[PDB]
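The block underneath contains the structure these notes are about, expressed in structure tokens.
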Amino acid sequence: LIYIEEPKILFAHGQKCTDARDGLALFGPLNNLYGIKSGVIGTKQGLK
Amino acid sequence: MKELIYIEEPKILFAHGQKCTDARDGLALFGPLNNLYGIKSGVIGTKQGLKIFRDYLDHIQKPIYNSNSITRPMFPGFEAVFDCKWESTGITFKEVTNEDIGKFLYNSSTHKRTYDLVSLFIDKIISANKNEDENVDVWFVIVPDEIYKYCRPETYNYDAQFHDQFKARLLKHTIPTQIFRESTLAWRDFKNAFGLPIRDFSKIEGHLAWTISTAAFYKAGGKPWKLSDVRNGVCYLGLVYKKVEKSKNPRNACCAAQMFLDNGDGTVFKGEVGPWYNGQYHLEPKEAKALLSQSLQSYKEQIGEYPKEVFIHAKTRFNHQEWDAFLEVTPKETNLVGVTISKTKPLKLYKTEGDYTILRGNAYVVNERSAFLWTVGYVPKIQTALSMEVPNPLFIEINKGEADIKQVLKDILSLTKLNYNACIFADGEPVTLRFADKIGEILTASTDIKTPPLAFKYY
Amino acid sequence: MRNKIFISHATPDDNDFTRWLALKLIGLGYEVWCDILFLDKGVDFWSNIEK
Amino acid sequence: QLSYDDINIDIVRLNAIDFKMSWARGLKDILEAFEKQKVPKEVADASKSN
Amino acid sequence: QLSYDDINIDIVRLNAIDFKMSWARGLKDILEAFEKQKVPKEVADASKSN
DNA sequence: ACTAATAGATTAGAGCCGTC
RNA sequence: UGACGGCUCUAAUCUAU
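Printed below as a string of structure tokens:
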């Protein structure tokens with residue numbers, strides 16, 4: 004059993020960490036987008 | 001001895017309540033109503049179609065002063081005026097090399113080459129739309145002047205100009221593409237043989253950059269401005285009988301009606317097509336029950352009732368055999384005021400003093416069912432007439448039905464500011480006819496799309 | 001010397017009018033301080049207004 | 102919704118500048134009163150302040 | 102749960118930076134306040150945080 | 001029977017411009 | 001297609017010999 008090292012995933016400004024949750028929570032996504040337009044449907048109650 | 005009755009010019013609302021009259025300056029000091037976080041700029045073109053944007057795209061972020069701001073006003077910039085982020089970010093440069101273009105441009109058969117040139121462009125756009133990761137809000141096809149210099153007048201009946209076929213082929217994809225040109229975007233580096241460029245866009249680089257910015261703004265779901273006098277529950281319909289003399293059979297002459305409603309949601313749509321050509328710009332009674340119903344079905348489900356009044360504008364008068372079918376499809380609760388608008392009547396008045404035209408807003412009424420509205424002419428806002436002589440005041444007649452002509456006159460003077468293609472004081476003919484015409488030029492070129500009531504942005 | 005134009009206004013709502021007014025007022029060349037835009041962070045909030 | 106009997110007592114004795122019915126008299130009378138009161142200002146911006 | 106009326110005397114007068122409603126705008130206002138006050142700082146580098 | 005027939009009456013693309 | 005004008009070049013259509 005040779006151990007295979009845990010890989011890496013990049014984040015904002017080309018940085019390199021190992022956790023998707025931790026990196027985004029502290030670094031952010033790679034591409035820079037401004038806002039997100041949320042076309043939302045559903046029932047009247049579901050709006051609440 | 002006759003007099004010219006006057007009606008006041010209505011104004012247009014803007015950001016957080018404020019309501020100015022001019023779209024030029026009511027947008028700079030206030031900003032668009034609905035703010036959007038940013039616009040992703042997708043651009044496709046040749047080698048020279050990219051460095052031009054790399055000059056222009058960030059050029060309108062900074063303020064640029066024309067020769068005089070009174071007549072050709074400057075704008076502080078895209079961020080300072082339109083309240084949005086629109087810069088060199090999200091660029092989707094998709095190089096179509098000139099040799100690749102030349103290998104399709106070298107074909108001489110314009111009936112086949114012109115379709116081929118668009119086919120080079122759309123296949124990339126829909127591929128990026130579906131089979132790619134990048135997101136583009138408004139696409140900027142920078143076709144060089146050479147492409148539309150030569151390609152100008198089942199999948200080849202489209203016009204010699206590729207304008208119609210390119211946009212008609214995206215109706216399946218519904219991606220808003222802002223067709224551009226090198227001349228309109230590269231005025232500075234374009235020079236003629238004698239040393240004086242033909243297009244003198246320098247002074248217009250104010251309110252021209254207003255057009256480009258506001259055209260790219262509205263297509264992204266934004267609301268640059270809305271009218272502040274459009275009445276409640278009232279529908280303003282307009283059909284222009286656009287020729288379908290694009291295919292081999294000239295038997296088709298299909299109109300493209302459209303509506304501009306109360307809530308600012310002007311849902312421009314598609315009329316009905318049928319064998320009525322004999326050269327008569329009228330539609331048979333059977334198809335009339337499919338146009339106005341689809342017009343009203345798209346609104347009765349939206350609001351829950353019938354419209355109050357349907358201002359059916361047209362450049363062509365309505366015969367009885369056409370209007371009779373309109374009666375049964377529509378409810379009696381709405382008065383279908385068919386305002387046949389004519390710009391060919393020979394009425395031209397001049398002033399004994401002053402080198403300008405008659406002040407706009409004048410409505411020389413002829414009788415209860417006729418009028419003459421100077422929606423185009425001299426104004427007190429920009430103190431410059433939107434014409435060179437006094438035009439034909441838009442002959443306004445209640446062709447069928449009975450109503451107050453005065454209530455009709457103001458609304459045509461209202462359907463002239465919501466030109467989400469330019470930045471002018473107002474238009475000379477109602478947008479209910481110009482936007483009803485751009486559908487016909489685009490849609491009726493191709494006869495294989497069962498399109499939804501797509502707004503002007505896709506066209 | 002008294003130079004800043006005091007826009008005495010409600011903090012949450014009238015600032016947006018002032019973000020139209022003051023930003024235009026800066027555009028017109030007028031000197032403007034506000035409890036939102038020119039108010040420095042970490043100051044005595046009551047005492048800074050008195051100054 | 103500013104009823105004249107509900108406005109602050111210090112306000113009523115002073116001529117209020119109208120922004121409600123239009124912005125036109127709002128910023129204008131703001132500057133028009135400034136012009137008559139010689140309020141200090143710098144330059145005239147670019148393009149003669151448009 | 103800490104109301105604005107339960108703030109201790111050492112920072113009652115001091116203009117606090119709001120984070121309750123959203124941490125992002127508080128972080129931004131932190132940035133602008135430091136820039137306005139010319140707070141000494143080096144080039145931005147998140148590798149140090151990493 | 002319609003065969004033409006020259007006009008009024010309105011139409012719109014559609015080049016040609018300018019694009020005050 | 002940045003756009004809203006302006007006429008102009010051609011053609012088409014129905015009211016009637």
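Chains as they are written, first to last, in the authors' numbering: chain F, 4 to 51; chain R, 1 to 153, 198 to 322, 326 to 506; chain Y, 1 to 51; chain B, 102 to 151; chain E, 102 to 151. From the three backbone atoms N, C-alpha and C, an ideal C-beta is built for every residue, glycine too.
Taking 7 Å as the limit between beta carbons, can you name the residues of its chain near residue i, skipping five residues before and five after?
i, result
"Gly315 (chain R)", "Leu283, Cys298, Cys299, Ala300, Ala301, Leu338"
"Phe93 (chain R)", "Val43, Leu50"
"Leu462 (chain R)", "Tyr280, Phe304, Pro477, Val478, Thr479"
"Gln18 (chain F)", "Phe30"
"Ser227 (chain R)", "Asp145, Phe234, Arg243"
Distance, Cα to Cα, residue i vs residue j?
i, j, result
"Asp203 (chain R)", "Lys485 (chain R)", "14 Å"
"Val423 (chain R)", "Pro393 (chain R)", "15 Å"
"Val96 (chain R)", "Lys47 (chain R)", "8 Å"
"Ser150 (chain E)", "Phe234 (chain R)", "51 Å"
"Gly45 (chain F)", "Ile5 (chain R)", "52 Å"
"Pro144 (chain R)", "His207 (chain R)", "13 Å"
"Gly318 (chain R)", "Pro378 (chain R)", "24 Å"
"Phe313 (chain R)", "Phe503 (chain R)", "9 Å"
"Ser109 (chain R)", "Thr199 (chain R)", "14 Å"
"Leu13 (chain F)", "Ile131 (chain E)", "26 Å"
"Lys270 (chain R)", "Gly310 (chain R)", "10 Å"
"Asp306 (chain R)", "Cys20 (chain R)", "19 Å"
"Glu50 (chain Y)", "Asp111 (chain B)", "19 Å"
"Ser69 (chain R)", "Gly250 (chain R)", "8 Å"
"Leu240 (chain R)", "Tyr150 (chain R)", "23 Å"
"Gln102 (chain E)", "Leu57 (chain R)", "48 Å"
"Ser104 (chain E)", "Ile459 (chain R)", "57 Å"
Are residue i and residue j touching if we call contact CB-CB under 8 Å?
i, j, result
"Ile489 (chain R)", "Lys290 (chain R)", "no"
"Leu229 (chain R)", "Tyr505 (chain R)", "no"
"residue 57 (chain Y)", "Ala134 (chain E)", "Nothing can be reported for residue 57 (chain Y): it is not among the residues displayed for chain Y, which extend from 1 to 51."
"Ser41 (chain R)", "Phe140 (chain R)", "yes"
"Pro220 (chain R)", "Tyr467 (chain R)", "no"
"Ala361 (chain R)", "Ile7 (chain R)", "no"
"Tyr148 (chain R)", "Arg225 (chain R)", "yes"
"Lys428 (chain R)", "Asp22 (chain R)", "yes"
"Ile126 (chain R)", "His59 (chain R)", "no"
"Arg152 (chain R)", "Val118 (chain R)", "no"
"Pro10 (chain R)", "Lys453 (chain R)", "no"
"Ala469 (chain R)", "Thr255 (chain R)", "yes"
"residue 91 (chain B)", "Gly27 (chain Y)", "Summary: the structure shown does not reach residue 91 (chain B), with chain B confined to residues 102 through 151, and so no result is reported for it."
For residue i, I'd like the list of residues in its chain whose CB is within less than 6 Å of its CB, leaving aside the five on either flank, ordered along the chain.
i, result
"residue 187 (chain R)", "No coordinates are present for residue 187 (chain R), because the numbering of chain R runs from 153 directly to 198."
"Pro438 (chain R)", "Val423"
"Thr491 (chain R)", "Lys286, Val288, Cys298"
"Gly385 (chain R)", "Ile359, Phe365, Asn446, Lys447"
"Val426 (chain R)", "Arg407, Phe472"
"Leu441 (chain R)", "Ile388, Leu420, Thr422"
"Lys390 (chain R)", "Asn439"
"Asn276 (chain R)", "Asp306"
"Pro76 (chain R)", "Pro63"
Between residue i and the rest of its own chain, which residues show a CB-CB distance below 8 Å, the 5 nearest in sequence each way excluded?
i, result
"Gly127 (chain B)", "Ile118, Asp119, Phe120"
"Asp100 (chain R)", "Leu120"
"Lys292 (chain R)", "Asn201"
"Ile108 (chain E)", "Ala117"
Going by DSSP, what residue range makes up the beta strand (DSSP E) through residue i?
i, result
"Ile443 (chain R)", "No beta strand (DSSP E) contains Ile443 (chain R), which DSSP labels as neither H nor E."
"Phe120 (chain E)", "Element bounds for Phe120 (chain E): n/a, residue is neither H nor E."
"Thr221 (chain R)", "221-225"
"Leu281 (chain R)", "280-282"
"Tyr285 (chain R)", "285-287"
"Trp320 (chain R)", "Segment: none, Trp320 (chain R) is in no beta strand (DSSP E) and carries neither H nor E."
"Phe140 (chain R)", "138-143"
"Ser41 (chain R)", "41-45"
"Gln302 (chain R)", "302-304"
Identify the continuous alpha helix (DSSP H) that holds residue i and give its terminal residues.
i, result
"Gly26 (chain F)", "23-29"
"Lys4 (chain Y)", "First-last for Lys4 (chain Y): undefined, no H or E at that position."
"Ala212 (chain R)", "206-212"
"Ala469 (chain R)", "No alpha helix (DSSP H) contains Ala469 (chain R), which DSSP labels as neither H nor E."
"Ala297 (chain R)", "Segment 297-299 is the beta strand (DSSP E) holding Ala297 (chain R); no alpha helix (DSSP H) there."
"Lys457 (chain R)", "452-459"
### Query
Can you list, in chain order, the stretches of the alpha helix (DSSP H) that have 4 or more residues and sit fully within the region 332-399 of chain R?
Segments of the alpha helix (DSSP H) lying fully in the region 332-399 of chain R: 332-350, 367-376.
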